[PDB]
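Listed next as structure tokens is one chain, alone, in the form deposited without its partner chain.
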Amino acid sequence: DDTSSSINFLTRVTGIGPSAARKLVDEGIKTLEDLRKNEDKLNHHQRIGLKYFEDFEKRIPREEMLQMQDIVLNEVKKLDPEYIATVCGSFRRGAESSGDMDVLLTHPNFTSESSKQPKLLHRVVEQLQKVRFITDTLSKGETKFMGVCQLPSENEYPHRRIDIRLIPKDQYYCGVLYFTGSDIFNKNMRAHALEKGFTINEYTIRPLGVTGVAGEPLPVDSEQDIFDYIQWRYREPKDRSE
């Protein structure tokens, strides 16, 4: 009812999940001013999200993402030019506007065999914080950071969502592919790969075999390699709609 209407609203809050939204309803928490008067019952994630509820509802325009992307890439280069960083999402595909920034990062020092180098990711975050670009943290793991940023005002911009994922180097390409989308695209490409005798996922590309249940990741140094494996002309991100 006009109350379910309530769980509907809550959930619009980053951090506020259903189960999580449900309880808040059992506490008599419904509107947003409810929430604001009730910070104490929210985790840090939900707090931030509530803090920036509005801003989060706005889309990001390419002219913006561009600048965003330059800040991010230039910082990372300064720490260590060996670092690889790519901004994915529709944006990579030439989208005109976006919902958030999604950065994928890797480093030759870190491969799927290592598996433990938080510093690699932290360092960048810190750097971003120090520059005044990242402004808050929603959560921050050993492999993934979820926060908020904002373009430097010279006078102001909304706060935007940003995520930085640390992926091993030997799995990066597949990963960039993957986060590049579109969804259909992925689907069709995985479909084709299969016809060719291969299985792809966001981490690897592996040859099939008898009965099907088969594998052993092939080496990938770039997106191009994946396409070559399945022998399809290479598709630039823009031609990736489907």
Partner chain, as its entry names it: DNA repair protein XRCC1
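Residue numbers count along the first chain shown, from 1. Residues that one form lacks are left out of the comparison. Take the two forms, find the largest set of C-alpha atoms that superpose within 1.5 Å, and that set is the rigid core.
Engineer: Which has higher Cα B-factors on average according to the PDB entry: 178-186 or 23-31?
Structural biologist: Comparing 23-31 with 178-186, the higher mean C-alpha B-factor belongs to 23-31.
Engineer: Going by the mean C-alpha B-factor recorded in the entry, which is higher: 187-195 or 204-212?
Structural biologist: Of 204-212 and 187-195, the stretch with the higher C-alpha B-factor average is 204-212.
Engineer: Quick check on the deposited entry: does the C-alpha B-factor of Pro118 sit in the lowest, middle or highest third of its chain?
Structural biologist: Its C-alpha B-factor, which the entry lists for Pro118, ranks in the highest third among residues of this chain.
Engineer: So where's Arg132 on the chain's Cα temperature factor ranking, which third?
Structural biologist: Within its chain, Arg132 is a highest-third residue by C-alpha B-factor, going by the deposited values.
Engineer: Thinking about Cα B factors across the chain, which third does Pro108 belong to?
Structural biologist: Within its chain, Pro108 is a lowest-third residue by C-alpha B-factor, going by the deposited values.
Engineer: Report the third (lowest, middle or highest) to which the CA temperature factor of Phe227 belongs, ranking only the modelled residues of the same chain.
Structural biologist: For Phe227, the deposited C-alpha B-factor lands in the lowest third.
Engineer: Quick check for you: using the entry's CA B-factors within this chain, is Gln171 in the lowest, middle or highest third?
Structural biologist: Its C-alpha B-factor, which the entry lists for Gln171, ranks in the lowest third among residues of this chain.
Quick note: we don't show the form deposited with its partner chain bound, though the next part is all about it.
Engineer: Want to guess which of 37-45, 180-188, 55-63, 204-212 is within 4.5 Å of its partner chain in the deposited complex, heavy atoms only?
Structural biologist: Among the listed stretches, the partner-contacting one is 204-212.
Engineer: Answer yes if any heavy atom of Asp26 is within 4.5 Å of a heavy atom of its partner chain in the deposited complex; otherwise answer no.
Structural biologist: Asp26 lies outside the contact set for its partner chain.
Engineer: So in the deposited complex, is its partner chain close enough to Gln231 to count as touching (4.5 Å, heavy atoms)?
Structural biologist: Because a heavy atom of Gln231 falls inside 4.5 Å of its partner chain in the deposited complex, the answer is yes.
Engineer: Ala20 near its partner chain in the deposited complex, any heavy atom under 4.5 Å?
Structural biologist: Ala20: no, not in contact with its partner chain in the deposited complex.
Engineer: Quick one: is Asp70 in contact with its partner chain in the deposited complex, heavy atoms, 4.5 Å cut-off?
Structural biologist: No, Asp70 is distant from the partner.
Engineer: Give the consecutive runs of 3+ residues, present in both forms, in which every C-alpha shifts by 2 Å or more between this form and the one not shown after rigid core superposition.
Structural biologist: Run found: 1-5, no others.
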